[PDB]
């Protein structure tokens, strides 16, 4: 079996938010529901990471490190994909029962949070990203940041990361494809990968603010609260190296 076919079979099942559409909407209600959904998506992301070939060979501390650094990148990218596949309209499809439409976008402070996530879906649409490219790109996002002083299994990590870069290359070549157009496409997809650091920076600013300001009464489930608590000191101590394809 090919490497991309193994990434495909471990794709998590779509989760429902359990959002009651008969009750009126509010920004607070949507944010709260999404944090609970995020916690369940993150538990499924751990099971997913464990089945990625090579991931389990890294030191356990590195496995934890990579999931903690990349969690928001993984969530926003998968959301970008679901939004891109559902429609060609400017919609965020968090779950099949929780889609942020134009009427929902008009709720106080909905748009300023949603614009960074809408950028991901609009880019996947503009670049006409394939399912195989997507699968390779999402695994690369798990491998997109490391500690300032590196991982315990740094050498093995670099080898695994290079393998998934070559795997993204193989997905691009399937369309079908011109040598010059291949390098152009590789450049474009890696540029989108790089821009995920900027999308995530913007999303974490809202995430960290709503987690820390207890007077906002915005709840996060245990899975997300634990990751956020771990990550906030790492950002304040500059303990992060954001890997880039383009300098």
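Numbering follows the first chain given and starts at 1.
Handout entry: Of 23-31 and 62-70, the one with larger mean CA B-factor
Key = Comparing averages over the C-alpha atoms only gives 23-31.
Practice task
State which stretch shows the higher mean Cα B factor in the entry: 8-16 or 222-230.
Solution key: Between 222-230 and 8-16, it is 8-16 that shows the higher mean C-alpha B-factor.
Practice task
Select one of 87, 139, 145, 130: the residue whose C-alpha shows the highest B-factor in the crystal structure entry.
Solution key: In this record, 87 carries the highest C-alpha B-factor of the candidates.
Practice task
Could you say which of 120, 110, 93, 78 has its CA atom at the highest B factor, as listed in the PDB entry?
Solution key: Within the set 120, 110, 93, 78, 110 shows the top C-alpha B-factor.
Practice task
Using the B-factors in the PDB entry, rank residue 156's C-alpha atom against the chain and give the third, lowest, middle or highest.
Solution key: As the PDB entry reports it, the C-alpha B-factor of residue 156 lands in the highest third of its chain.
Practice task
Could you say whether, by C-alpha temperature factor, residue 211 belongs to the lowest, middle or highest third of its chain?
Solution key: CA B-factor rank for residue 211: lowest third.
Practice task
Compare the C-alpha B factor of residue 135 with those of the other modelled residues in its chain, then answer lowest, middle or highest third.
Solution key: For residue 135, the deposited C-alpha B-factor lands in the lowest third.
Exercise for the section: Sort the modelled residues of this chain by their C-alpha B factor and say whether residue 50 lands in the lowest, middle or highest third. Expected result: Within its chain, residue 50 is a lowest-third residue by C-alpha B-factor, going by the deposited values.
Exercise for the section: Taking the values exactly as deposited, rank residue 41 by C-alpha B-factor within its chain and report the matching third: lowest, middle or highest. Expected result: It falls in the bottom third of the chain.
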